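> This is the structure I want to talk about, given as structure tokens.
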Amino acid sequence: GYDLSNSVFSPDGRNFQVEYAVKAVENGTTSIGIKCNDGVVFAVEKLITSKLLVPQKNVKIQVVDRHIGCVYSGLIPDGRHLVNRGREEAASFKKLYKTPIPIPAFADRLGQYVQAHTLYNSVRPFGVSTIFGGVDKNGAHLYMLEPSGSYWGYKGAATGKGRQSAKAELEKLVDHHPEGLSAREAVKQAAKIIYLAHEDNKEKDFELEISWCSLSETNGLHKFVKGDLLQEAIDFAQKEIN
Amino acid sequence: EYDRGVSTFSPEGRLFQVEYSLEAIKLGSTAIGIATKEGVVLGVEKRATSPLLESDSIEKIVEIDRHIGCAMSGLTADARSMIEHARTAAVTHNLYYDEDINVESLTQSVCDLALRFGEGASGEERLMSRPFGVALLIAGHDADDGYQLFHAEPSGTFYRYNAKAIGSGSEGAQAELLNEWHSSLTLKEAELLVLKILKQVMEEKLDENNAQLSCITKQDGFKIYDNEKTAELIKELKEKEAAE
Amino acid sequence: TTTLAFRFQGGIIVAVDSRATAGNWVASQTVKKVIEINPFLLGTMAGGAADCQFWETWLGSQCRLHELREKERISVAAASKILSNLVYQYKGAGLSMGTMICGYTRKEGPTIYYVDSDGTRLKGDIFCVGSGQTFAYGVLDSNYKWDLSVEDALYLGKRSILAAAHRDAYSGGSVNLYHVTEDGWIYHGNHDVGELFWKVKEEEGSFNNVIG
Amino acid sequence: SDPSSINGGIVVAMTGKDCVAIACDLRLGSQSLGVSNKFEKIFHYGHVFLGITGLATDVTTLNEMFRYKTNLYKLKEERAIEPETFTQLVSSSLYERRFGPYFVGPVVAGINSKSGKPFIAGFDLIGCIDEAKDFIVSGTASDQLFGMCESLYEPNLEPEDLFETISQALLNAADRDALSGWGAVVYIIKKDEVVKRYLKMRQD
Amino acid sequence: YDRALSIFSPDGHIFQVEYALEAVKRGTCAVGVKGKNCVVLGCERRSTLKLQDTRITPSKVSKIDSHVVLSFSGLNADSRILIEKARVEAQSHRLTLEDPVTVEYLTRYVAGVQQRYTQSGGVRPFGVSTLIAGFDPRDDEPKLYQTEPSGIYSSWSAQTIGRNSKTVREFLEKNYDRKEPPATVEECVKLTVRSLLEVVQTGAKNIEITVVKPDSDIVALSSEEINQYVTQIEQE
Amino acid sequence: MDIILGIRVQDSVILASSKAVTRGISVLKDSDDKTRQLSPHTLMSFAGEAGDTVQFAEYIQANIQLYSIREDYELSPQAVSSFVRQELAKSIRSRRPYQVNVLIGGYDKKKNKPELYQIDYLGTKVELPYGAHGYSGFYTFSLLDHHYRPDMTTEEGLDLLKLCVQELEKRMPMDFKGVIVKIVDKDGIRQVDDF
Amino acid sequence: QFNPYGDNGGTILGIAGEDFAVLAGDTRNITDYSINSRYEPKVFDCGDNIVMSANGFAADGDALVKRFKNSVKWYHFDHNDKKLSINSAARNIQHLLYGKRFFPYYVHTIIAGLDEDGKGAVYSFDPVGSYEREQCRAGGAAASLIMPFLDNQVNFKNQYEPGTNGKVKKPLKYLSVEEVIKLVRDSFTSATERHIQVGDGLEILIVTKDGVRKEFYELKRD
Amino acid sequence: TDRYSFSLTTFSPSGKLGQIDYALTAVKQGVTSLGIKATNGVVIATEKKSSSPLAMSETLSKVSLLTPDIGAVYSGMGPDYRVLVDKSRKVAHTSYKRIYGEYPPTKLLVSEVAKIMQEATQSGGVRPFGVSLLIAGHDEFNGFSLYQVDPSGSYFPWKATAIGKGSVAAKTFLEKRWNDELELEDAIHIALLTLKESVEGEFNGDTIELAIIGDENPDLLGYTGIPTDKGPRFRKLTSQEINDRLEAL
Amino acid sequence: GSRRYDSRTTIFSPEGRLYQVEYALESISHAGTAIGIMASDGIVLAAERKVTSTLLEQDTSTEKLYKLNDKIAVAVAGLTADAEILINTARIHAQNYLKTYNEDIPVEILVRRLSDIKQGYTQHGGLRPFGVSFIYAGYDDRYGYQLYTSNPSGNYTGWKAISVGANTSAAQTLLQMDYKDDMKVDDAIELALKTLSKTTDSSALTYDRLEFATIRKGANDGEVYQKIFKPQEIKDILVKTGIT
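If you want it as structure tokens, here you go:
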């Protein structure tokens, strides 16, 4: 009763099926997003379940337009399908208005779609939380999109198993910096709080991936972090937790 | 349960209605088939039940085209859809290329029709709710690999066989095929082999108004043998049971 | 272009030319205008080269499809009226059609039908269709007989195409002869118009306006 | 040519007092050829009378079209249709084919049965309500009729002064036109009885 | 719509076909006998109730051609859909192919409707089992077919469908030779009446006979004509 | 335009049609029926614009027979002509106008009176006691209006038809190579070998 | 106003052999009196011993080749590695042509190769559909300069045995691949001089079952 | 997919359609409404009730105009009346003011709205509007008429009727009070009196909504100068006017 | 769930019978008696309303008799609501046939048409059938007066006298004992009323609860004139039969 679909509704004012789908995201990989003054630094845990895997070749990071990074947790196919839909939407905006789509605008369009599948019985609710943001002319933005189809602005966000660990540290990071911090320094902090959020994932070993969109380094374009810069971040985090 | 949906998986790991399709071949009047390199013979039972049946106009032998023959066994409500589709497919090939269609390619096309269960799966149009309930023994000759015999399932899967027997008596037939198939058979020795395996799974007197033989030969085309020829072959089998 | 077919007692002789042009200039001298619809049916190419061939290939597809479904060979009446309706659709969309479907059977005999682009279905024992049909008619119908030998019928087919080649600019090439019988069509080879002319001039005494 | 003036046909109608009258010619032809002298253009649904001119096939298709509609109305309200509601209906149905338009001129003539008021209306090809209380004429020699009916008439005729003027007006227009005349029929329409009277006219 | 109604059964069956065949049991009873020069289709009418006109009640054998008739067993509502559909096929076959319908063409057609509605989700097959008989043009050979609400068809020399078709079929086995149909028109009509006199009875008020003979000859024989054959059977 | 004459007499209808086939500037056939039974007591002859005529006659034949067999009753000539009028009216609007001129002659059994109709390609049904189409009709109408008496017999109408054809041969520059003559009477549809 | 067809000239020649076939063509592309390109063969190998050139209006001709080589792929995939015939090739091209027959193409298409008898086979197509088997057929703009000459040296048309004076025709010959290369080169060199849509290069393709050879010869620049 | 195209109405095994019985229950949870047809007018009346005392009931309408001479009033659910009255207005204009160029007859309109109900019992993703409407009107062809529209999708003409949860009480009150000949003034006095026994709120003209389809008004027509044309037969009475009639009981 | 809430009511039951069709016949026994009697000079249709009240206006009520065309009217027994949709489809179809053939629709065709719509609801869409039963009075010149009942399955049965609705069995026994094949419209008017008096749904039969209509060939020139009596003209005939 009251989960047989999503046009059932309970006398509790809850939809159960949709709350259940948040539990799929709780079974995902840890992913964080730090809203910086001049950008956003995303980082995502990529588990090494075998030495059979090929490192930094399976991206959970797909770019939309050119300046919006999208990274997610939960059911990996469902989130890649969500981002495929939103890449079509990004193109349409660029077509009609001859400008890259803003971050608040991109959020609204994704939110309607995920919101639609929790009303129809012909299409299955989502089981993804996506953390996405970037830099446009209206500033840096960071958004977290629930599978229920909710989003807000954030000074810090997380999802996945280790969302507890990430969030607690972001409180302290907002107490370190009561306006925020540079994108450059947040490379070292995105790694740091992934490495603390791997204490619910220290059964395994992982490959650290970091991506960023920042005005001050990449000129507000979404690019990947890697090379010497990535290894500096890894060394930072390694020393912090030891 | 899991048969109330159209694509709904069951703990099994495979479709339940599809199993029921395999158990609808076991309601068909046995169709037996022996392939050799001298031509391929298809026989079939008809099933008299009355002296009021007209049986020499009823047959489970079907012509798909000049160079491809077919025998069907199972639910024949389903087989009407599939045979008409086979007939179009062959003619389309000859329209498009002015060329003979391979036995393998023709069979593969009919398997594509067989996979049309669902009403909301993929993009391709669903013209059914469920699977079919009939298997085919599409025999033929193409000029690439010579004579061929394929057995097509209502699943949407096909295997090349050298001999296959479908229908109700399929297991009892298939036991005889293992011991009686060899590569040094002839066209006529194959033809007597059909009737031997058919006689055991026949529930009546084996005669020529409840059995039909057909060949596919390169140089004669597809010929459906007349009941005179069937009657002769039947009698000579009893002479080779007068040798034991 | 000249295609003709005529009934008699023996069945149908189909006789056609092989010159096809493109503009004033002669594209080909070996373009067959007979489309074997199947082993018991012949069709002739006249009208659009494209349209006629395509649709008589498709007619043979539909012929096989009748034959498997009923288990009996198609009626010739049935063949002609299948083709007609479809062209009538492309009536007001511009297709070009003229074929004579020729067949001989066991339940109506030899029958010729003329199918048009407008969608006509005409019965007749004679048709000549093409750009040199007026010269085919003259000589053919003066020597026509329902009582006719098969040997004689082949010579009359030759002679009608040979007349058309003489006068018409687009006609000529070679002659292909077929005798459709009940058992199906038999092919009697290809005979060059260019060698036919001088032989017949000697033999019959005809073409005495031409110098020689 | 114009597919309205290819078969001609003409309708005259005049008001009186406690009467209306509509009349037509029987000539129906195709182009130059006269086809029939056995074709009436006046039809009636209840106490409304419909005359229709112009293109032949549209004369007959609209005759059965208005019959389709008035049957529905009659069964529904269980009363006769009024001249005024019929006008509105005619105007709307002509405007349905705005593109690929109808090629006729329907003429509405009746007597309002709730006041006793004579009532006429005209329509054109795309159809618009054309009120008057003197005469409404439509067709091809409508032009001719417009002069002729103006000249003869003086307001609110008697039923038989009405018949004498209306008979003239048609015959002289109708033999003054190639695709009209060939006989004539006149309905004199009172509140209670309708007399249908043929006119002997010269065969043209 | 697409919600399945034809669902696969654990017998290797379809639920809607098994029900259709129960419907043919509730139906009327049509009998078919092929002679050496005739087909005879006799059928049960339901009119046991008094004060019922029989001029205007739909007939249970309806003519689709000039020598091909369509008769039925099962529901009275659903039978009419195949009948109206068969007439459109008849006029289409004459337009595009020329020559009256053969029995065989119509046998395939009627099966294609039942078969199409069996396989698809959204349509159920009609609960109507049919006998198609008649002649083909330029053939004095009687053709007798049966189609069933599966979409399967099979030839017969004689047949019966509908209620207690088992009982009637057993009586017709002994009074019918495959090799030797009734060579007389009269004995063929008397054979179909006897079969009807098992289940149908009611004098002759539920008994109908339509005889079709070659040369485009369909004749309908009323209650009055049928009595004549009954008394001969009683004496016999 | 191919010959198509109608003459309604007072116990039958007599229809006649041209045997000649002309496509282009060449006669292809000089003996070919151009008439088809619609009903066992209604006949339709057709002429007009090549190849439209052929198709639409077999189309209408199918339509009327569909109703006639379904209900086991044959439609009156009046009803049949109205149906044909309906399609034609519709067809000129349609993508391809159909140019088909038909005389539908039938013996009404309902009212037990012959009826003859002239239907143009526009789609206007008119009852007449005689009819025609094409240019040929231009010459015959004055003859028919001269010799028609309202108490006609079948043989007087055959004799009048012979006159119409002789006049046609003189004044029309086209050969129609004789006519086929058919009678639609209460006894069926029959052919006469008089021309 | 827009006319979506044009002309880009060029010329082709396909000759059926007895165990070979040659399809040759020019590498000059033009539009009226302007030379578009000096080198750009229109004569493509399509694989599996079939060569196709669709010559004339280039845009249409290219489209036909793209789709045809797609059909080569789909023939191996969906007919289970069946080797493409010349026969099967011909009819398939005819469907791509009759399709846009009401929005006409404007190429003259020729295929060449060997049929499964092991002899040369050439089929040539009109611009909407229909094709017929020929021995020699030219196409393109210079087609009618090249055609009668090829017939005289291949089919021995209007040639007679010496001193019989038109009584005994000089029979059909035996062709070899070498011989025909000589005829092709001679004819196109004349064509360059007497026609302006021909020149710059000549690429003769030879097809056997021993492989396909591409051989380039220069022509004049005029 | 979305395979809802199967009806959500189904026959019950002792007869009768279960879904519309359920909707008829929804009519008896709604307000009360009534109509008395006079011989020189019609009066219709209903009770107003609010979700908050801070809600205005001077902006609350439960009597709506379909066409100028024809009014409607509901009992049942608010939401179900709100969409359906818009559809009643719509079908008067699409099918009789775009075809017959005038406002439809009262008989005619009532029939068309029952078709709309009838397809809300057919097919999935719909269920019938759970209201009964009284459609009082005047047309020039059937006179005054008073109708009751059922959630069945049936209609009946009446002489005086009631709907709502207090309908049975109201029609028994009206049984003695109806006569062959009535005055409109007397009709109003009966209407307010009948509704006094079925209203548990105030009985002031603030909370009693009163409307007449009495005699026509050509000064509310919005133009003048065609005598021939007639104005609204409807006239909603504002709150003060309703109070004057309460003293005149 | 877009199949979890579907119950399947377009399916047969194990008997071969549709659930919803069986239930519909019950819900039509709720509606009052409706009678058709075929004399020879006309058809009498007489129906007693299924609702009555004294503040109900019954002098303009149409709830049983409706004209489909000028020679064909129906009596309704079932829901008014359900019947209305079919009544307007009927009007369109009858007039469509008049529009194209310029001839009024025979009774047979129209009856068959409405029946197809009822069967169509059970054939597909998952739709319920409209539970209506009509008693058709119709004239055509080919069978004269024709009388029919159609049921909510979509089937039609010819009759001489027939009743649907409340007290269907009782009404029928009265018709059987009293009917002559030589009855006039007068005889049938008196028989109809007396039958309604024993199958009455109050304790008294009253003119204002009766709709009564005839179709009479008495009307000159061979025309058939349908007259739907006013309750004040039904009163006159209620005094004839002496109920009052």
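Chains as they are written, first to last, in my numbering: chain R, 1 to 242; chain D, 1 to 244; chain W, 1 to 212; chain Z, 1 to 204; chain X, 1 to 236; chain P, 1 to 195; chain E, 1 to 222; chain U, 1 to 249; chain Y, 1 to 244.
C-beta: ideal position from N, C-alpha, C; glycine also.
1) Please list the partners that residue 102 of chain Y has in chain P, where partner means a Cβ-to-Cβ separation under 8 Å.
2) For the alpha helix (DSSP H) holding residue 177 of chain Y, just list the boundary residues, first then last.
3) Take residue 115 of chain E as the anchor and find which of E/128, E/66, E/20 and E/212 has the nearest alpha-carbon.
4) Report yes or no: do three or more beta-carbon pairs, one from the segment 113-132 of chain U and one from the segment 93-107 of chain Y, lie closer than 8 Å?
5) Taking just the CA atoms, how far does residue 178 of chain P sit from residue 165 of chain P?
6) Can you list, in chain order, the residues of the segment 67-96 of chain W whose Cβ is nearer than 8 Å to any Cβ on chain X?
7) Where residue 65 of chain U and residue 120 of chain U are concerned, what is the direct C-alpha to C-alpha distance, given to the nearest angstrom?
8) How would you write the range of the alpha helix (DSSP H) that residue 170 of chain D sits in, first residue to last?
9) Starting from the Cα of residue 237 of chain U, find the closest Cα among U/230, U/206, U/152 and U/222 and give me that residue.
10) Mind checking which residues open and close the alpha helix (DSSP H) that includes residue 141 of chain P?
11) Using beta-carbon positions only, say whether residue 131 of chain U and residue 74 of chain U come within less than 8 Å of one another.
12) Tell me residue 158 of chain U's beta-bridge partners as DSSP assigns them.
13) Just mark residue 195 of chain R as buried or exposed, buried being the case when its beta carbon has 16 or more other beta carbons within 10 Å.
14) Does the beta carbon of residue 82 of chain E come closer than 8 Å to any beta carbon on chain D?
15) Using a threshold of 7 Å, is the CB atom of residue 142 of chain Z nearer than that to any non-hydrogen atom of the ligand HEM?
16) Can you give me, in chain order, the residues of the segment 11-36 of chain P that have a beta carbon less than 8 Å from any beta carbon in chain W?
17) Write down every uninterrupted run of the beta strand (DSSP E) in the segment 113-169 of chain D whose length is 3 residues or greater and which is fully enclosed by it, in chain order.
18) Against chain Y, with Cβ distances strictly below 8 Å, would residue 73 of chain P count as a contact?
19) With 7 Å as the limit, tell me which residues of the segment 135-155 of chain X have their beta carbon closer than that to any beta carbon of chain W; keep them in chain order.
20) Please report the distance separating the alpha-carbon of residue 122 of chain E from that of residue 101 of chain R.
21) For a quick check, are the C-beta atoms of residue 178 of chain W and residue 31 of chain W less than 8 Å apart?
22) So residue 89 of chain Z contacts chain U; which residues on that side make the cut at Cβ distance below 9 Å?
23) Quick check on DSSP: helix, strand or coil for residue 34 of chain D?
Let me spell this out:
1) Taking the first residue of the ninth sequence as position 1, residue 102 of chain Y is located at position 102. Near residue 102 of chain Y (Cβ distances below 8 Å), the residues of chain P are 78, 79 and 82.
2) Within the ninth sequence, residue 177 of chain Y is the residue found at index 177, counting from 1. Taken as a continuous stretch (DSSP letters only), the alpha helix (DSSP H) holding residue 177 of chain Y covers 168-178.
3) In the seventh sequence, the residue the question calls residue 115 of chain E occupies position 115. When C-alpha distances from residue 115 of chain E are compared across E/128, E/66, E/20 and E/212, the shortest belongs to E/20.
4) no
5) By 1-based counting over the sixth sequence, the position of residue 165 of chain P is 165. By 1-based counting over the sixth sequence, the position of residue 178 of chain P is 178. If I take the Cα positions, the gap works out to 8 Å.
6) Cβ contacts with chain X: 69, 70, 75, 77, 78, 81, 82 and 85.
7) The count along the eighth sequence starts at 1 and reaches residue 65 of chain U at position 65. The count along the eighth sequence starts at 1 and reaches residue 120 of chain U at position 120. Residue 65 of chain U and residue 120 of chain U: Cα-Cα distance of roughly 23 Å.
8) Taking the second sequence and counting its residues from 1, the one referred to as residue 170 of chain D is at position 170. Residue 170 of chain D -> alpha helix (DSSP H) spans 170-180.
9) Locating residue 237 of chain U in the eighth sequence gives position 237, counting from the first residue. Nearest to residue 237 of chain U by C-alpha distance, out of U/230, U/206, U/152 and U/222, is U/206.
10) Locating residue 141 of chain P in the sixth sequence gives position 141, counting from the first residue. Residue 141 of chain P -> alpha helix (DSSP H) spans 137-147.
11) Indexing the eighth sequence from 1 puts residue 131 of chain U at position 131. Indexing the eighth sequence from 1 puts residue 74 of chain U at position 74. Closer than 8 Å, so yes.
12) Position 158 of the eighth sequence holds residue 158 of chain U. Note: residue 158 of chain U sits in a beta bridge opposite U/146 and Y/56.
13) Working through the first sequence from its first residue, we reach residue 195 of chain R at position 195. By the 10 Å Cβ count, residue 195 of chain R comes out buried.
14) As a position in the seventh sequence, residue 82 of chain E is number 82, starting the count at 1. By the rule that beta-carbons nearer than 8 Å mark a contact, residue 82 of chain E touches chain D.
15) Within the structure as shown, the ligand HEM is missing, as the structure has no ligands at all.
16) 21, 23, 26, 28, 29 and 32
17) 134-142, 146-152, 158-160 and 163-166
18) Start at 1 with the first residue of the sixth sequence, and residue 73 of chain P comes out as number 73. Yes, its Cβ sits closer than 8 Å to a Cβ of chain Y.
19) 138
20) Start at 1 with the first residue of the seventh sequence, and residue 122 of chain E comes out as number 122. Start at 1 with the first residue of the first sequence, and residue 101 of chain R comes out as number 101. If you draw a straight line from the Cα of residue 122 of chain E to the Cα of residue 101 of chain R, it is about 57 Å long.
21) Walking along the third sequence from the start, residue 178 of chain W turns up at place 178. Walking along the third sequence from the start, residue 31 of chain W turns up at place 31. Not closer than 8 Å, so no.
22) The count along the fourth sequence starts at 1 and reaches residue 89 of chain Z at position 89. Within chain U, the residues near residue 89 of chain Z are 99, 100 and 101.
23) Counting from one through the second sequence, the residue named residue 34 of chain D turns up at place 34. Strand, per DSSP.
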